[PDB]
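The residues making up each chain are set out below.
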Amino acid sequence: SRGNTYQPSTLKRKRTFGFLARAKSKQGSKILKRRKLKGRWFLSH
Amino acid sequence: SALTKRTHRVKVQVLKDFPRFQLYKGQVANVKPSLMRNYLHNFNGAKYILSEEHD
Amino acid sequence: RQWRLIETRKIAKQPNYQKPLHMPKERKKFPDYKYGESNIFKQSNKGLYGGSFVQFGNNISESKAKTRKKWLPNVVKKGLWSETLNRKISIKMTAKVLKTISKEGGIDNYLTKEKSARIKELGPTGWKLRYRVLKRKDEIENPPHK
RNA sequence: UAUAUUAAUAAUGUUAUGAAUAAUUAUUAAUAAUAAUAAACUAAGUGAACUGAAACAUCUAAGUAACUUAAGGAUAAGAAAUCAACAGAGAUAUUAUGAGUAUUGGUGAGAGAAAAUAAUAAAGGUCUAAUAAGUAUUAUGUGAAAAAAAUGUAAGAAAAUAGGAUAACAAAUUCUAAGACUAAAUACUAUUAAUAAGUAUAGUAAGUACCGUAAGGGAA
RNA sequence: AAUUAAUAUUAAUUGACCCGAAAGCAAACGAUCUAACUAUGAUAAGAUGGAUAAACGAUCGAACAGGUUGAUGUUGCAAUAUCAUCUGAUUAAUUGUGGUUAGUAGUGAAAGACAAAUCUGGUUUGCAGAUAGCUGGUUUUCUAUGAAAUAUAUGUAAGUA
RNA sequence: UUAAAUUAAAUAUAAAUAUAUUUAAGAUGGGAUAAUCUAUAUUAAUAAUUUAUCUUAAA
RNA sequence: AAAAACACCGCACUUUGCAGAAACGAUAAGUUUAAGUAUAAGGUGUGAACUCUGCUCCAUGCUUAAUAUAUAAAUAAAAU
RNA sequence: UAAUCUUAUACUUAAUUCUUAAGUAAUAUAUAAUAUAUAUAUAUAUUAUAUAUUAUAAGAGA
Ligand SMILES: [Mg+2]
Ligand SMILES: [Mg+2]
Ligand SMILES: [Mg+2]
Ligand SMILES: [Mg+2]
Ligand SMILES: [Mg+2]
Ligand SMILES: [Mg+2]
Ligand SMILES: [Mg+2]
Ligand SMILES: [Mg+2]
Ligand SMILES: [Mg+2]
Ligand SMILES: [Mg+2]
Ligand SMILES: [Mg+2]
Ligand SMILES: [Mg+2]
Ligand SMILES: [Mg+2]
Ligand SMILES: [Mg+2]
Ligand SMILES: [Mg+2]
Ligand SMILES: [Mg+2]
Ligand SMILES: [Mg+2]
Ligand SMILES: [Mg+2]
Ligand SMILES: [Mg+2]
Ligand SMILES: [Mg+2]
Ligand SMILES: [Mg+2]
Ligand SMILES: [Mg+2]
Ligand SMILES: [Mg+2]
Ligand SMILES: [Mg+2]
């Protein structure tokens, strides 16, 4: 039985999608800049 | 090329005897550039001459 | 020839100082290269390429079927004597450059040739080498006391 | 661990022998401190494909999108090794005409100059090179659908009594490569002022609610 | 007799009357689902048979893990469930926590199986108004005239001259 | 395992970057003592894969 | 769709002498192979064991040997 | 084979550390002279002059 694909764990989620993860890599930086340009309020977890 | 190999020389005064190459010290010879660069010139064993003031 | 991928490089013009938010810890040992370091074929920055770069063109068949290809310069790693430094200096060397060196009589001569073209077709490493050589020469000429 | 450490001193308590050693407080001196920084515009590197050709592979889209790098208030270009035609002009930039002409293309799809004359423009000329080779040139492989200038690989010149420019040669013209600087017209942003046969579903909310793990999408 | 402008028609190029693919390529995002590997932990009642007290991809059998057959369910309790039945159950076992590998592309005891409800190759942004000889749609009124479905050619026969 | 981090010239590469090597980070693991309760600081010197605990022997 | 399909233990063929072979690497350095070294490692078929595995290199490959034999780029100098 | 490639591992002076220059000592190599031993050749010792302080070893090798 599918449907329950997101299996929350705070550690994994901060480590993968978190602000610090984004800011550490060049690709991540691009993403953050993109979100800033769009004016998103929340740049990442 | 072959022609280039045959004919292209560089003029140098050797500052040391080189038995193998038959270039005795002090003498001014026209040698192949490879020879100059890879053997002679190392350790001030020779010196290029572009003109008579280089001598 | 043209030195289009050298003389087109531009570097942030320094503001002269009669402080900045971030100053470097070390001291600039070498003089700034006019044209800076190449961000194009960075393989070239390690040695003496004579302003030759990778070309990109088309492989073409008997059916005129285009397909991208690159062209590399004939680089050779080569330890060559420097009278002024009193040691052999090994570097990457386009064979053309080697030939030029041979013609001109020594690596020092090659480095220390005045023309702007020569300056252009040195790398940053080349520039550094030149600086070393000329400084050394100066030292030799002119001890502290006359 | 700058309510830092080191040094110097000053008051203080302890120990061993007025001098020596450690602890705390207080003054003076010395010694480092903190990349939040745009976006578009410009230049450069790499560089698709869908598509068009009523199929498709040459060609096309297109040196466009995209990614990457670097600079500046702008950037690039720029004072002829240029154009022209035996008469001449006189830096670039890009608008009218020239001209959809010359040129060119599986001579298909299609692509397409320059001279010249006008505008726009600013004072537009002016030395910062002891005047330029592995350079010009050649061979070969690439290279702005038309006009080269570039470039990988090897061969490789000449002194103004000389070079470059045209399939080729002969005349004749013209310019001087391998050294350089350059405002103005221009691009994009932001502000102000004006004009709207513009917008109230292009009239300020919100990049919020919400949707997705995420990039991302996205209301009323 | 031209030429210039306005107005109208037709024609070429640009998305060119409007809507609509499957696709291709570029750059990104995802391995909290899932696969394999990897590091570290944890679980496997009890009984039996073996040439060992302790050696077996051994036997019976709970937990755990499967998913054989049937019934129900099919806008369900549920975008795969329930009940019964059936299989493995010390291992090529199951499982927690973290990590690695994926978009010409990984993992795969291989089923084109899985890579976040499903892939003979994801998703998002862009090229982008791709292209569509195909389908559908194209909004007031009144007047005048009013066809064709034949021939020829066509990679042409749903088209076009 | 990860890290625009670290060796005229670490090595390689159109750019992006990739690589080995150091340094740092990284739990799911390891980490003194202690109810007859216990002191981690500063200075000076020179472990374990699994599994069984039988038989014998003694009293 | 749980099977007669994959895997398997075993059997066979083969490549590679380690500065290897295989794989990955706009391709490179370099990694896995392996702190391994032919009784190993990669690939391929078949698929425990028992009785067994006949005949055939025409063709497509591989593989060894030569001589037979053509051609591509790359050169002097010299002839119309 | 000093083509290419592979692998392993002291003082003095001048501008606390760094760099230059001079000489002297230390070690190595090359050349020259003298003394001794052996069969014109080889070995050892002494003296003079020159050069060096990326290396060494191993391997492939035009
Ligand atoms: Mg969901
Ligand atoms: Mg990751
Ligand atoms: Mg570009
Ligand atoms: Mg400028
Ligand atoms: Mg300029
Ligand atoms: Mg065009
Ligand atoms: Mg000039
Ligand atoms: Mg949600
Ligand atoms: Mg990713
Ligand atoms: Mg049991
Ligand atoms: Mg069992
Ligand atoms: Mg059974
Ligand atoms: Mg049972
Ligand atoms: Mg299953
Ligand atoms: Mg796991
Ligand atoms: Mg099938
Ligand atoms: Mg499977
Ligand atoms: Mg009628
Ligand atoms: Mg049709
Ligand atoms: Mg740590
Ligand atoms: Mg089933
Ligand atoms: Mg068998
Ligand atoms: Mg085998
Ligand atoms: Mg089979």
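Refer to the structure above for everything that follows.
S.K.: Pulling in residues and values, what's your account of helix α2 (residues 33–40) of chain B?
M.R.: An α-helical segment advances 3.6 residues per turn. Residues three or four places apart therefore align on the same side. Residues of α2 of chain B that are buried include every one of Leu35, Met36, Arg37 and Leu40 of chain B, and no others. On its buried face, α2 of chain B sits against β1 (10–14), β2 (28–31) and β3 (46–48) of chain B together with β3 (75–82) and α2 (95–104) of chain C.

S.K.: Lay out the interface of chain C and chain B in plain terms, naming residues and giving numbers.
M.R.: By a frequent convention, interface size equals the accessible area lost on bringing the separate parts together. Every contact between the two is made by 12 residues of chain C and, on the other side, 12 residues of chain B. In this assembly, chain C packs against chain B so that about 1000 Å² is buried in total across both faces, 51% of it on carbon and sulfur atoms. Among the residues of chain C in contact with chain B, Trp81, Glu83 and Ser102 of chain C are the three that bury the most area, contributing 54% of the side total. The interface formed by chain C and chain B includes zero salt bridges. Counting the contacts that link chain C with chain B gives two residue pairs in polar contact.

S.K.: Go over the protein's contact with RNA strand F, please, and point to the residues and values.
M.R.: Among the 23 residues in the neighbourhood of RNA strand F, the closest are listed as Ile40, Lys46, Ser90, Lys92 and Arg132 of chain C. Near-protein atoms of RNA strand F (within 4 Å) split between backbone and bases, with sugar and phosphate holding 66%. Take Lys70 of chain C: an N or O atom from its side chain is 3.3 Å from a sugar or linking oxygen of RNA strand F. Between a phosphate oxygen of RNA strand F and a side-chain N or O atom of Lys92 of chain C, the distance comes to 2.9 Å. Within the residue set of the surface near RNA strand F, elements represented by two or more residues are α2 (19–24) and α3 (26–38) of chain A together with β4 (87–94) and α5 (124–141) of chain C. Considering every element that reaches the surface near RNA strand F, the biggest residue donor is β4 of chain C, with five residues.

S.K.: Account for the arrangement of the chains, naming residues and giving values.
M.R.: As for chain B relative to chain A, no contact occurs, and the smallest C-alpha gap between them is 46 Å. Contact between chain A and chain C is absent, and the least distance between their C-alpha atoms amounts to 17 Å.

S.K.: A description of the pattern of salt bridges should follow, citing residues and the corresponding values.
M.R.: When the charged atoms of two side chains lie near each other, side chains of opposite charge can form a pair. All names here are of chain C. Within the structure shown, the criterion is met by four salt bridges over all chains. Across the salt bridge formed by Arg118 and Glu121, the nearest N and O atoms sit 3.5 Å from each other. The exposure class of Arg118 is buried, given its relative accessible area of 6%. We classify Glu121 as buried; its relative accessible area is 12%. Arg136 serves as the salt-bridge partner of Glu139, at 3.5 Å between the closest nitrogen and oxygen.

S.K.: Please give an account of the layout of surface pockets that cites residues and values.
M.R.: Considered as a void within the structure, the largest pocket measures approximately 660 Å³ in volume. Lining of the largest pocket is provided by 22 residues; of these, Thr4, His8 and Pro33 of chain B together with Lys99 and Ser102 of chain C occupy positions nearest its centre. Those elements that place two or more of their residues in the lining of the largest pocket are α1 (2–7), β1 and α2 of chain B together with α2 of chain C. Of the residues forming the lining of the largest pocket, the biggest block, seven residues, is contributed by α2 of chain C. Looking at the lining of the largest pocket, its residues break down into eight nonpolar, six polar and eight charged. Among the residues making up the lining of the second largest pocket, the classes are represented as seven nonpolar, four polar and six charged.

Reading guide: rules and limits
- Residues numbered from 1 in each chain as written, not as in the entry; some residues may be left out.
- Chains lettered and ligands numbered in written order.
- Part of a larger assembly, values for the part shown.
- Heavy atoms only, no water.
- Residues with missing side-chain atoms left out of burial classes, pairs and counts.
- Buried < 20%, exposed > 50% of the residue type's maximum accessible area, 1.4 Å probe, protein only.
- Helix = DSSP H or I, 4+ residues; strand = E, 2+ residues; numbered from the N terminus.
- Contact = heavy atoms within 4.5 Å.
- Buried area = accessible area lost by both parts, 1.4 Å probe.
- Salt bridge = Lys/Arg side-chain N within 4 Å of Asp/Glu carboxyl O.
- Polar contact = N/O pair within 3.5 Å; in protein donor to acceptor, adjacent residues only side chain to side chain.
- Near = heavy atom within 4 Å.
- 1 Å grid on protein atoms, 1.4 Å probe; cavity = no way out; pocket = protein on both sides within 12 Å on 5 of 7 lines; lining within 4 Å.
- Points joined across faces, edges and corners; volume = space filled by probe spheres on them.
- Nonpolar A, V, L, I, M, F, W, Y, C, P; charged D, E, K, R; others polar.

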